[PDB]
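Just below is one structure, and these are the notes that go with it.
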Amino acid sequence: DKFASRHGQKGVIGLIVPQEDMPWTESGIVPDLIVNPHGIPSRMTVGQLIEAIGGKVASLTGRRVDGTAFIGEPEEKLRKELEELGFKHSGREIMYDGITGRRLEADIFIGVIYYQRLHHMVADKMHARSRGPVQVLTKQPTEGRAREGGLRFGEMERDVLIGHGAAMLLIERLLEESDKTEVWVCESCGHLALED
Amino acid sequence: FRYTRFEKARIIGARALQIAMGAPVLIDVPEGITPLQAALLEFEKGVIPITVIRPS
Amino acid sequence: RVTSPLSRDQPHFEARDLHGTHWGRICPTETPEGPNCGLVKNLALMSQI
Amino acid sequence: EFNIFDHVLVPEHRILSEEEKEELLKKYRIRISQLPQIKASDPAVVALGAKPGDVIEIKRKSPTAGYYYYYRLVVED
Amino acid sequence: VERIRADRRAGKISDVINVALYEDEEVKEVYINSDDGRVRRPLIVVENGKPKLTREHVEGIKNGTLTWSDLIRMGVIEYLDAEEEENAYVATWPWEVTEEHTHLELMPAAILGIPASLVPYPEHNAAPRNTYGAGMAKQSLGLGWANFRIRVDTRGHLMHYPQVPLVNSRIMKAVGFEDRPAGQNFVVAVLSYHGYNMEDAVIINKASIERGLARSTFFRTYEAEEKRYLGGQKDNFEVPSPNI
Amino acid sequence: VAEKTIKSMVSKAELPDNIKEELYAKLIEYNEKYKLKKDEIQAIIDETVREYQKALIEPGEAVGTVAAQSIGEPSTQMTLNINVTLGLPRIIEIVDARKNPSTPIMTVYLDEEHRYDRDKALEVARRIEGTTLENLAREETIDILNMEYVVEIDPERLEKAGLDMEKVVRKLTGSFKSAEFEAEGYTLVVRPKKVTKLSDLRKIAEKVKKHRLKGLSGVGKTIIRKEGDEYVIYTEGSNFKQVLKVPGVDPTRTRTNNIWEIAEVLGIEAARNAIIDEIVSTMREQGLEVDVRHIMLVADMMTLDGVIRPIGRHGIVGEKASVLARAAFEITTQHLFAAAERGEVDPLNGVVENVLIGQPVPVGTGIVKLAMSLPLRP
Amino acid sequence: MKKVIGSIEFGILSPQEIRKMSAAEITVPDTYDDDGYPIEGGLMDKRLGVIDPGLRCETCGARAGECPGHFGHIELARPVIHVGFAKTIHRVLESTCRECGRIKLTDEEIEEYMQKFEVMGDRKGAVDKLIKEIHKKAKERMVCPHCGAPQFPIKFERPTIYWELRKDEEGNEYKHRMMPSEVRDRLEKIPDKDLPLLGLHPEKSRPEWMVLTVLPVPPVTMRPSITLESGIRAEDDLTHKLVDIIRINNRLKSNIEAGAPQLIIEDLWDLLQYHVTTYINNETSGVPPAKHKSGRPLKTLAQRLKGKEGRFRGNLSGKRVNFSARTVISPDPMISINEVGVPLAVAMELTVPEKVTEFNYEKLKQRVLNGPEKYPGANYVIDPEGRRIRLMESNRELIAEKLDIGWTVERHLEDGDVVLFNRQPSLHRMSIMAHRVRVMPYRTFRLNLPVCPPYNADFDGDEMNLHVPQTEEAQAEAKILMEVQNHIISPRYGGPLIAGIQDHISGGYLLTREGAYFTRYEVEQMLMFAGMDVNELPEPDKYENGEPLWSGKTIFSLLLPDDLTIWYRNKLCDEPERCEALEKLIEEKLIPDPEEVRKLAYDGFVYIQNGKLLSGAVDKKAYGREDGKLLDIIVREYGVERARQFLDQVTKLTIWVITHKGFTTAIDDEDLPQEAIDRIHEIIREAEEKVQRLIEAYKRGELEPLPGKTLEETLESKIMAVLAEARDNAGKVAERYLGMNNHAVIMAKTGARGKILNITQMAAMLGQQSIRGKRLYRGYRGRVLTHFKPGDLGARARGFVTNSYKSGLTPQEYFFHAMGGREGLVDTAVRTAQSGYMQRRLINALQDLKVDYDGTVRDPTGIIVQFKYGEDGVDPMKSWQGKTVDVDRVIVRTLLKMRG
Amino acid sequence: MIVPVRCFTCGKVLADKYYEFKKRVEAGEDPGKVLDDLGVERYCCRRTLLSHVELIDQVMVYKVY
Amino acid sequence: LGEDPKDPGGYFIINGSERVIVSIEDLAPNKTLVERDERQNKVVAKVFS
Ligand SMILES: [Mg+2]
Ligand SMILES: [Zn+2]
Ligand SMILES: [Zn+2]
Ligand SMILES: [Zn+2]
């Protein structure tokens, strides 16, 4: 299931981790989501961190944090009120591992980030066809998922199958599984013979 | 003499096709494997009867 | 939403790119991806017609 | 004057004899029409004084093998 | 040009008319535009380094005695198209106005679109990231419409517990996104967890999902028509017999 | 171990010539450092032979398809946009065998008498550089009292072209015998012999501007760079035939971006080498590493018939012997109709035709032939 | 027996052949009557085939779905010029005499051209060149060499109009329209001996057949008719075109039989010619395309054959296949690189057909007895005779009791089954690999992370396809050739492609860095997590607070083989003195003491001796993509299976390290002290002062033009260079003030994810925003935005952003960054299409090249493209960094092996 | 559209005190002190209570039957 | 009336399906625009009357 932040950070759910296995902070907060730290600096997404700090500050104080462009609440002010609230300025919190139970050697940055679920759900995107309806013209599997259609093995797939050197795999894919048929051919002239 | 990857794949495919419609296995079987696994064990034991014709 | 009569497959380097006159009229960031980038724009919040 | 074979981009060119041409045909089991072609108006051909119907043996610098031996067939324009 | 601008600011002529002057060393031209299709923006008129908008106008706007059309009528704020703005020198902030400045920007954050204003602190993000966030704001799920149950849309989505973001731009309240939210606030901790959040992936809490977080419902509408054919033949709404 | 024994072992080894000398040099270098024994050297030779045998490509590999994929895949992550127009457009221009590439650039090398001092390099660059008087001209004005161009040029530009105004006149007195050219200090004034209509004035004024005073035709910008304590001249435009025969330019290292000029001047072999070098340089500029074997195979396929051919419908695919191969890629209707006109017979020896029909392709396992002994007795 | 198509011979269909192949004659321009039955003599006649299930074909007696279809013929009232041959017809009209019919060449020239045709062989280009030369030579002769009759020039008007330039008795030159009947009569006079000179086969490509007298109407199956949801039949475009053709032909026949004047006959002939031309090709130049009653242009046979959606590309080269699935992918480090996560729903749908043998009889019987609704089960059963029965609840036990040797069971996807895993677009042969089926009860696909870089796939909603081979040969080919571990090294550059990325690199650095020690419980836990066969713990390196501690290098050493020794420098090198000392110590002894190495061990120099990591820290240079030396050596020296096991174990170990030690990034990672901010502001002020000085110098005229450049772009280049120097200085300051303890700096330096410029952009400055390689200039007159004075060329007014992401950009700088990002996005969106087109062109140019058994690459014709592939006969995949044999590595490894 | 019964993070019940919190917020008091006196101390429960907006009253008006 | 008060309107309902007319960014009618073609080496002015 596709979940996206408001700063272009998107991704599918990798694991449904039970609460007992999830880490928790010293304040007794268990995160509702865990994101990889590698994606934050590569895409130069500091607004996500500022939004996390602002969300934590808004939750702790009860007052909504303004995030308007160029007139929003300054980041340094947000860190100041986070410090005045009894938390670290950077937003990092001391977390304990949910499995081993030991304290993590690094203070983990945890905050409230607005994450929205998208309509690209895995329920409407899974397609699986073994055999079924075929087109009346080419005797090939139909189009799309609504009519139990097949999956297109395009020109590029054929090219990379040729590059792999798999002749019989290509024969099975393109011919033996899509539009295999038998015809009668006259050896004298090469015309298609007629069977009555 | 060595077997190329394409030659080995062709030999294994031919042996598996033979096993699927006859051609009893020349070695023991783990009682439940697919014919492809049977051809793989036949190749691993060095008991395959299929040779490769090479131009000369 | 605002579209353009130009073809989507055409590389329009001078047309798809953001213009300085789009300030206050065309949103500088909200554009679609792929061939629709640049040719499809959205009106700014202060845009008046 | 300026010899065309002194250029670093121009590999060495030699004229194959009839016996050498027959040996080349026998080695790869190919006919005279299955060799790569070179135009009779090519500057290397007119530098060698060749005529159509001959085979030019090219010693080229190989980035992977040091020296490589290619073969071409002189054909009319 | 000055007389036309003064008359427009005095309310004598309509605000649709826009006047511009091109003064080159070779050619000199005056352009007047009063047609359709011209995208314009509102700018506060600044004269002698002092903006026309005063605190009294803001108080009247807040009290409801003054409207936006009233402000346009007195020429305090005027609509400028691309042609007229070539002769204008706009000031980004009210504290940056000088004697040479001719206009004052109303809202620098208003240059963004409606979905682009959903992004909190867009100036702290990369431009492709802001573009992706603006594009994906339209793909989110939430209580878009209160009459979704009676609607007959072929496909629709509903969030069970939609939430207004805690870090939201003030324009979203005016736009109406706060009344119709399309997401939830997630307690996110940035941490590597067993490699299952690798390559943009995320890890969700099982108890949070079981508690109703990010729960959604998908509605699909099918239609059936009792079409009438030629000769009086028509479809029938009944359970088909097994013999057919 | 003596050097003679190592050389004899290297010669007796079943290794290529290029591997033999490199291996011998490395063994000599490592022999004094660690005092290698005879058995260690023999084991090293055996390991090298085994590695060479392992590195040999198995028969039946789809080298053309692999080369095409390995060239086109880095093009998906290249960067678009002196004036070298490198990147994906450069690769597209190279593989399409463009007769006139966009912004042609030639690399000019000088001999020992001009590659060590700046003055000789500048003078030979100005010899190569094609300077017209229109570029030297500063103001354009056509009058009526004499009804001809009175040309005034800035002297500073004349300080870079390295020639005097009067000699400039000598470049149009012989060339334009229908007009009289006069020099008045730093002003160039022309005189008409028999001119009375404005139509013929506009048919002869542009001929003076298009005339080249010195240098070679089609030459625009020209710069000089210091690489390897040597002066290298980079110019705009391709004039290989007129730049090879220059008194002061080394002709054994000069090259141009125009592969067609190299084919018509240095031969098809040098054209293939230049294609390989250009593709390698374009790949290395973008930071994407591509094996030179794929580029070499592509260039060999491009120059198979003795002339440079593109990879499109007018090139390698155009001269394909298979009708279905040509029809499947490009211009399907006219190719099929022309094949019907010629009565062409498709032997179906290719890969794409067998894909279209349903026969096994002649690559990889499709080339393996098997034999079976029937009396199997387990 | 069975036969295959050895070769295909092409030609032009003769009218006699069209008449003989036709099972019916079509004269009624209609398809169905009021009740829906076909009309006899119409296009939908049962003699040409049947589409509706109820009807039965008249010609062959078969029902719908099995009748191949039969062609028909229409006898045209007057001949019609075929458009596709039309221009070629004109060529013949310019080559043959108008009276004798022979070619316009002498007998000696004809004989010489015959010898030239025989000599050259079978190359197409030479044949076309000779044909063009012969046509050019014959077209300039106005006197027939055989008969002496005068000739006239012929003007060809597109598409099928021929004009003959004739002279009257008064000398006036006029144009006579050559009717198709006259053209066919002229073409009939050409003998068979002159046809090879014109490039026409005497027995297959007679020129008179190039003018259509009988039109072959296609079978019903090839142009099927369907019934819409409203009960109205929807006819095909070809059917409408044929209806129009039949109506016009019938009108022409009626007018001819009625003795209509010549104005009628030529007008109807032109209408029929236009209809036939549109039917052959509706996109012909010079004519209006045929349109439906709704205004939609029709696509005829030419558009059916050509184009991306045409038969050749959309149905023949590439087509939809059966037994395939497609869904979203999610990460799964717990599975091997050889395994793919297949959902239970997908597994119970896709079926592998397994023949019942003497060893798998019980398993397949259990699969049949389970049924389609129980896993592991079966869906279909095929008897030896060949009838397929679907397994329901009623016959599930009956079929199981009837199972015997020779039967085929379409069982559900089981563990260990080989399937194809492909992601689109497939730019390279590594974009699809054969994995092993792993069945998990969730909905999404699961793919191991090191296999992602081969697929170029992240997990931000990526969709991937899976293909299940059916035949045993296809399964064997997938298992042997396209297996994942067999394609670790990329043949494009001869380097590792299946490699650790991101968290793998970060965990390797965290484990192998100096001062990294782990407790006994942690070591046992990571050993169990990585699946290593370490029965007993090694000797602890040191004791802290009474408990044993193990160095991370010791734990990493267990992954490497015991006979492995390699040293190199990684990307973490910033003190070359220690690396030089380590290199010198290795150079002298060639077997340095492990205590001696550990005394001067440096994280910037990786050194593994006998499988023990004595020095160095793991980064992208260890087992990263395109950079991992250790993985490259392991693949080449220890096989692919050992390499796959090492990759799996090291990825699991690094994931365990990065999971429990704690890896995170926060807002303080980009934080800088006041001194760094002051230095950045000083650099900003210096850069703006330099830009202003350059602008003033350009305005006052003392700026010097660059050689070959005028003032404008010279000043622009100088300003851009100054801004680039300022950006480099700011980045250097940011790197100086950011230590290695920063996790973002760790990721940037180790090559896991991101770059140093990314951290610089979030901390120091955004640099200068440039469009198309130059400064931003598009906007108003003399300025980009109206917030700057006109004619201002300053840094702030041209796209130089002074602040970073952390400090926030000004609205003008935000707009400039938006222009830069839009330019980048447009650049990628434009580059992708051109790159794909170039890839397709290269593939179609080099599809048929193959290395033969003698090491030569030859085309299907037989021409030797290369006498040795790559001039040395070495696979680039097996090449060592583009070289034939790495003599240094071989010598060093052999020397170490003999010394140890 | 309706207040969740339990907090999404720890399952603490918050629907009981939400309407009192909303009533006190509309009275002009600081929502932080209102959350403090209602026992809502962890900011995850504060997130759930503050970010929720009531919308069921606008859905009940559209009858479906 | 079964309508959302927050619905902005501005669209059409054709056959029960909501249809929105995306604005079109066209050239100014009856206005002459001048440009130079580098490849053709000519000055071209166009007006869409
Ligand atoms: Mg993706
Ligand atoms: Zn039939
Ligand atoms: Zn004649
Ligand atoms: Zn809570």
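In the structure tokens, chains take letters A, B, ... by order of appearance, with residues numbered from 1 within each chain and ligands from 1 in the order shown.
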Show me, as a tab-separated table, the residues of chain A having an atom within 6 Å of chain H, each with the closest atom pair and its distance in Å, using only C-alpha atoms.
residue	atom	partner	partner_atom	distance
A:59	CA	H:43	CA	5.1
A:60	CA	H:43	CA	5.3
A:61	CA	H:32	CA	5.3
A:62	CA	H:32	CA	4.3
Residues from the last selection, C-alpha atoms, saved as a CSV table (one decimal), in the first residue's frame:
chain,number,residue,atom,x,y,z
A,59,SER,CA,1.1,18.0,19.8
A,60,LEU,CA,2.9,18.9,23.0
A,61,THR,CA,1.6,22.5,23.2
A,62,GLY,CA,-1.8,22.0,21.7
| request: Could you give me the residues within segment 66-125 of chain G that DSSP places in helix (DSSP H, G or I), as an MDAnalysis selection string? | output: chainID G and resid 83:93 107:120 124:125
| task | Collect all residues with atoms no farther than 9 Å from ligand 2, counting only C-alpha atoms and all ligand atoms, and output them as a PyMOL selection string. | result | (chain A and resi 194-196) or (chain G and resi 46-50+56-64+66-70)
Take the residues from that selection and write them out as a tab-separated table (two decimals), in the first residue's frame, keeping C-alpha atoms.
chain	number	residue	atom	x	y	z
A	194	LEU	CA	-7.85	-25.64	-47.01
A	195	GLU	CA	-9.13	-28.41	-44.74
A	196	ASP	CA	-12.75	-29.50	-45.19
G	46	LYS	CA	-20.47	-17.82	-44.52
G	47	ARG	CA	-18.25	-18.95	-47.41
G	48	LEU	CA	-15.52	-16.58	-46.16
G	49	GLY	CA	-15.75	-17.75	-42.54
G	50	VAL	CA	-17.91	-17.37	-39.45
G	56	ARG	CA	-21.31	-22.70	-39.48
G	57	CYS	CA	-18.91	-21.93	-42.32
G	58	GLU	CA	-19.96	-23.04	-45.80
G	59	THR	CA	-16.48	-23.61	-47.24
G	60	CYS	CA	-14.96	-25.84	-44.55
G	61	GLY	CA	-17.92	-26.77	-42.34
G	62	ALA	CA	-16.33	-25.57	-39.10
G	63	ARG	CA	-17.91	-23.44	-36.38
G	64	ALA	CA	-16.66	-20.17	-34.91
G	66	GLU	CA	-11.82	-22.91	-35.32
G	67	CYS	CA	-12.56	-21.84	-38.91
G	68	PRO	CA	-9.38	-20.20	-40.28
G	69	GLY	CA	-11.31	-18.03	-42.75
G	70	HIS	CA	-11.35	-18.02	-46.53
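All residues in chain I with a DSSP state of strand (DSSP E), computed from the backbone, read residues 12, 13, 14, 17, 18, 19, 23, 24, 32, 33, 34, 35, 36, 37, 42, 43, 44, 45, 46 and 47 of chain I.
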Would you write out those residues with C-alpha atoms, as a short mmCIF file (atom, residue, chain, number, x, y, z; two decimals), in the first residue's frame?
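After the write, selection_32.cif holds the following:
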data_model
loop_
_atom_site.label_atom_id
_atom_site.label_comp_id
_atom_site.auth_asym_id
_atom_site.auth_seq_id
_atom_site.Cartn_x
_atom_site.Cartn_y
_atom_site.Cartn_z
CA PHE I 12 -20.76 20.44 -16.42
CA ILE I 13 -22.81 17.28 -15.89
CA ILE I 14 -23.14 15.39 -19.19
CA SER I 17 -20.74 12.37 -15.48
CA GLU I 18 -19.03 15.53 -14.27
CA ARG I 19 -17.11 17.28 -17.06
CA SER I 23 -8.35 26.19 -19.86
CA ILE I 24 -6.21 26.42 -23.00
CA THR I 32 1.83 39.48 -34.61
CA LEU I 33 4.76 37.65 -32.99
CA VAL I 34 8.24 37.88 -34.52
CA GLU I 35 11.07 35.37 -34.24
CA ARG I 36 14.16 34.29 -36.17
CA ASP I 37 14.74 30.74 -37.43
CA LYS I 42 15.24 34.09 -41.85
CA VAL I 43 13.03 36.43 -39.83
CA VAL I 44 9.46 35.14 -39.51
CA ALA I 45 6.39 36.89 -38.07
CA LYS I 46 3.12 35.05 -37.49
CA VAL I 47 -0.40 36.15 -36.59
#
| query | Neighbours of residue 106 of chain A within 12 Å (only C-alpha atoms; same-chain residues fewer than 3 positions away dropped), as a list in words? | reply | residues 25, 92, 93, 94, 95, 96, 97, 102, 103 and 109 of chain A; 190, 191 and 192 of chain E; 658, 659, 660, 661, 662, 663, 664, 665, 666, 741, 742 and 743 of chain G
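In plain terms, chain G touches chain B through residues 354, 355, 356, 357, 359, 360, 361, 362, 363, 406, 471, 472, 473, 474, 475, 476, 477, 480, 481 and 853 of chain G, where touching means an atom at most 8 Å away, counting only C-alpha atoms.
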Generate a file of the selected residues that holds N, CA, C and O atoms, formatted as an mmCIF file, in the first residue's frame.
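So out.cif came out as:
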data_model
loop_
_atom_site.group_PDB
_atom_site.id
_atom_site.type_symbol
_atom_site.label_atom_id
_atom_site.label_comp_id
_atom_site.auth_asym_id
_atom_site.auth_seq_id
_atom_site.Cartn_x
_atom_site.Cartn_y
_atom_site.Cartn_z
ATOM 1 N N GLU G 354 2.936 -30.319 -14.481
ATOM 2 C CA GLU G 354 3.924 -31.340 -14.166
ATOM 3 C C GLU G 354 3.400 -32.704 -14.590
ATOM 4 O O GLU G 354 2.304 -33.107 -14.187
ATOM 5 N N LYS G 355 4.183 -33.407 -15.403
ATOM 6 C CA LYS G 355 3.798 -34.739 -15.844
ATOM 7 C C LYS G 355 3.977 -35.747 -14.715
ATOM 8 O O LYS G 355 4.940 -35.678 -13.947
ATOM 9 N N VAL G 356 3.042 -36.687 -14.618
ATOM 10 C CA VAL G 356 3.096 -37.713 -13.583
ATOM 11 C C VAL G 356 4.121 -38.764 -13.990
ATOM 12 O O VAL G 356 3.986 -39.406 -15.036
ATOM 13 N N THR G 357 5.147 -38.937 -13.165
ATOM 14 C CA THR G 357 6.194 -39.923 -13.387
ATOM 15 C C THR G 357 6.212 -40.908 -12.218
ATOM 16 O O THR G 357 5.338 -40.888 -11.346
ATOM 17 N N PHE G 359 8.403 -41.037 -9.814
ATOM 18 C CA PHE G 359 8.953 -40.480 -8.586
ATOM 19 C C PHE G 359 8.121 -39.358 -7.983
ATOM 20 O O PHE G 359 8.229 -39.118 -6.777
ATOM 21 N N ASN G 360 7.302 -38.669 -8.778
ATOM 22 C CA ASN G 360 6.450 -37.599 -8.274
ATOM 23 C C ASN G 360 4.971 -37.966 -8.325
ATOM 24 O O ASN G 360 4.115 -37.076 -8.308
ATOM 25 N N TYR G 361 4.656 -39.261 -8.398
ATOM 26 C CA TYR G 361 3.260 -39.681 -8.474
ATOM 27 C C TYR G 361 2.508 -39.361 -7.188
ATOM 28 O O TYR G 361 1.369 -38.884 -7.234
ATOM 29 N N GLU G 362 3.127 -39.618 -6.033
ATOM 30 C CA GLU G 362 2.454 -39.370 -4.761
ATOM 31 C C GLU G 362 2.227 -37.881 -4.530
ATOM 32 O O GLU G 362 1.154 -37.476 -4.066
ATOM 33 N N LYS G 363 3.223 -37.050 -4.852
ATOM 34 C CA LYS G 363 3.081 -35.611 -4.655
ATOM 35 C C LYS G 363 1.985 -35.036 -5.543
ATOM 36 O O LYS G 363 1.153 -34.246 -5.083
ATOM 37 N N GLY G 406 2.084 -40.695 -17.064
ATOM 38 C CA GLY G 406 1.832 -40.030 -18.319
ATOM 39 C C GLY G 406 0.847 -38.883 -18.234
ATOM 40 O O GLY G 406 0.770 -38.079 -19.170
ATOM 41 N N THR G 471 6.768 -25.360 -20.311
ATOM 42 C CA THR G 471 7.496 -26.524 -20.788
ATOM 43 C C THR G 471 8.738 -26.769 -19.935
ATOM 44 O O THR G 471 9.269 -25.865 -19.282
ATOM 45 N N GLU G 472 9.196 -28.023 -19.942
ATOM 46 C CA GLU G 472 10.387 -28.382 -19.179
ATOM 47 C C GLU G 472 11.634 -27.723 -19.754
ATOM 48 O O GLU G 472 12.546 -27.350 -19.006
ATOM 49 N N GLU G 473 11.696 -27.581 -21.081
ATOM 50 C CA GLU G 473 12.842 -26.928 -21.707
ATOM 51 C C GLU G 473 12.946 -25.468 -21.286
ATOM 52 O O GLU G 473 14.044 -24.974 -21.004
ATOM 53 N N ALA G 474 11.814 -24.762 -21.238
ATOM 54 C CA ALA G 474 11.826 -23.366 -20.813
ATOM 55 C C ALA G 474 12.246 -23.234 -19.354
ATOM 56 O O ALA G 474 13.012 -22.330 -19.000
ATOM 57 N N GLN G 475 11.752 -24.129 -18.493
ATOM 58 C CA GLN G 475 12.143 -24.103 -17.087
ATOM 59 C C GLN G 475 13.633 -24.368 -16.924
ATOM 60 O O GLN G 475 14.307 -23.703 -16.128
ATOM 61 N N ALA G 476 14.166 -25.336 -17.674
ATOM 62 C CA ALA G 476 15.595 -25.627 -17.607
ATOM 63 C C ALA G 476 16.424 -24.454 -18.110
ATOM 64 O O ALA G 476 17.465 -24.125 -17.530
ATOM 65 N N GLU G 477 15.979 -23.816 -19.196
ATOM 66 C CA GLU G 477 16.689 -22.657 -19.724
ATOM 67 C C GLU G 477 16.699 -21.513 -18.721
ATOM 68 O O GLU G 477 17.727 -20.853 -18.533
ATOM 69 N N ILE G 480 19.121 -22.511 -15.752
ATOM 70 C CA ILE G 480 20.547 -22.561 -16.063
ATOM 71 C C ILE G 480 21.072 -21.204 -16.514
ATOM 72 O O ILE G 480 22.081 -20.715 -15.999
ATOM 73 N N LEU G 481 20.403 -20.568 -17.478
ATOM 74 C CA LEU G 481 20.944 -19.358 -18.088
ATOM 75 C C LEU G 481 20.593 -18.110 -17.285
ATOM 76 O O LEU G 481 21.481 -17.369 -16.849
ATOM 77 N N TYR G 853 30.894 -21.015 -33.355
ATOM 78 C CA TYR G 853 31.715 -21.957 -32.604
ATOM 79 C C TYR G 853 33.206 -21.743 -32.831
ATOM 80 O O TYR G 853 34.015 -22.245 -32.044
#
| field | 8 Å contact set for segment 246-260 of chain G, only C-alpha atoms, chain neighbours under 6 positions out, as a ChimeraX atom specification | value | /G:26-29,74,76-77,268-269,271-272
Mind listing the residues within 9 Å of ligand 1, only C-alpha atoms and all ligand atoms counted, as a PDB file with N, CA, C and O atoms, in the first residue's frame?
ATOM      1  N   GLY A  11       6.318   5.697  -0.633  1.00  0.00           N
ATOM      2  CA  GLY A  11       6.768   4.315  -0.635  1.00  0.00           C
ATOM      3  C   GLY A  11       5.673   3.384  -0.169  1.00  0.00           C
ATOM      4  O   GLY A  11       4.666   3.804   0.407  1.00  0.00           O
TER       5      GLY A  11
ATOM      6  N   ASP E 200      12.977   3.546  -0.226  1.00  0.00           N
ATOM      7  CA  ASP E 200      11.760   4.346  -0.095  1.00  0.00           C
ATOM      8  C   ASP E 200      10.639   3.627   0.644  1.00  0.00           C
ATOM      9  O   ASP E 200       9.578   4.224   0.849  1.00  0.00           O
TER      10      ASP E 200
ATOM     11  N   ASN G 456      16.715  -1.812 -11.543  1.00  0.00           N
ATOM     12  CA  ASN G 456      16.528  -0.365 -11.410  1.00  0.00           C
ATOM     13  C   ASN G 456      15.174  -0.067 -10.766  1.00  0.00           C
ATOM     14  O   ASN G 456      14.388   0.751 -11.246  1.00  0.00           O
ATOM     15  N   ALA G 457      14.891  -0.769  -9.672  1.00  0.00           N
ATOM     16  CA  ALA G 457      13.590  -0.724  -9.023  1.00  0.00           C
ATOM     17  C   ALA G 457      13.745  -0.337  -7.561  1.00  0.00           C
ATOM     18  O   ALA G 457      14.500  -0.975  -6.821  1.00  0.00           O
ATOM     19  N   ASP G 458      13.032   0.705  -7.155  1.00  0.00           N
ATOM     20  CA  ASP G 458      12.844   1.041  -5.757  1.00  0.00           C
ATOM     21  C   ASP G 458      11.467   0.543  -5.325  1.00  0.00           C
ATOM     22  O   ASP G 458      10.785  -0.174  -6.062  1.00  0.00           O
ATOM     23  N   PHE G 459      11.048   0.905  -4.118  1.00  0.00           N
ATOM     24  CA  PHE G 459       9.785   0.429  -3.569  1.00  0.00           C
ATOM     25  C   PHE G 459       8.820   1.581  -3.317  1.00  0.00           C
ATOM     26  O   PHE G 459       8.067   1.584  -2.341  1.00  0.00           O
ATOM     27  N   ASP G 460       8.838   2.577  -4.195  1.00  0.00           N
ATOM     28  CA  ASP G 460       7.864   3.667  -4.151  1.00  0.00           C
ATOM     29  C   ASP G 460       6.715   3.395  -5.122  1.00  0.00           C
ATOM     30  O   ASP G 460       6.426   4.173  -6.032  1.00  0.00           O
ATOM     31  N   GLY G 461       6.053   2.261  -4.912  1.00  0.00           N
ATOM     32  CA  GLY G 461       4.949   1.873  -5.767  1.00  0.00           C
ATOM     33  C   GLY G 461       5.347   1.231  -7.075  1.00  0.00           C
ATOM     34  O   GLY G 461       4.585   1.299  -8.045  1.00  0.00           O
ATOM     35  N   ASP G 462       6.523   0.611  -7.135  1.00  0.00           N
ATOM     36  CA  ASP G 462       6.963  -0.043  -8.360  1.00  0.00           C
ATOM     37  C   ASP G 462       6.119  -1.277  -8.646  1.00  0.00           C
ATOM     38  O   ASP G 462       5.775  -2.040  -7.740  1.00  0.00           O
ATOM     39  N   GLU G 463       5.793  -1.475  -9.918  1.00  0.00           N
ATOM     40  CA  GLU G 463       5.021  -2.623 -10.370  1.00  0.00           C
ATOM     41  C   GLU G 463       5.939  -3.559 -11.142  1.00  0.00           C
ATOM     42  O   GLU G 463       6.692  -3.113 -12.015  1.00  0.00           O
TER      43      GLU G 463
END
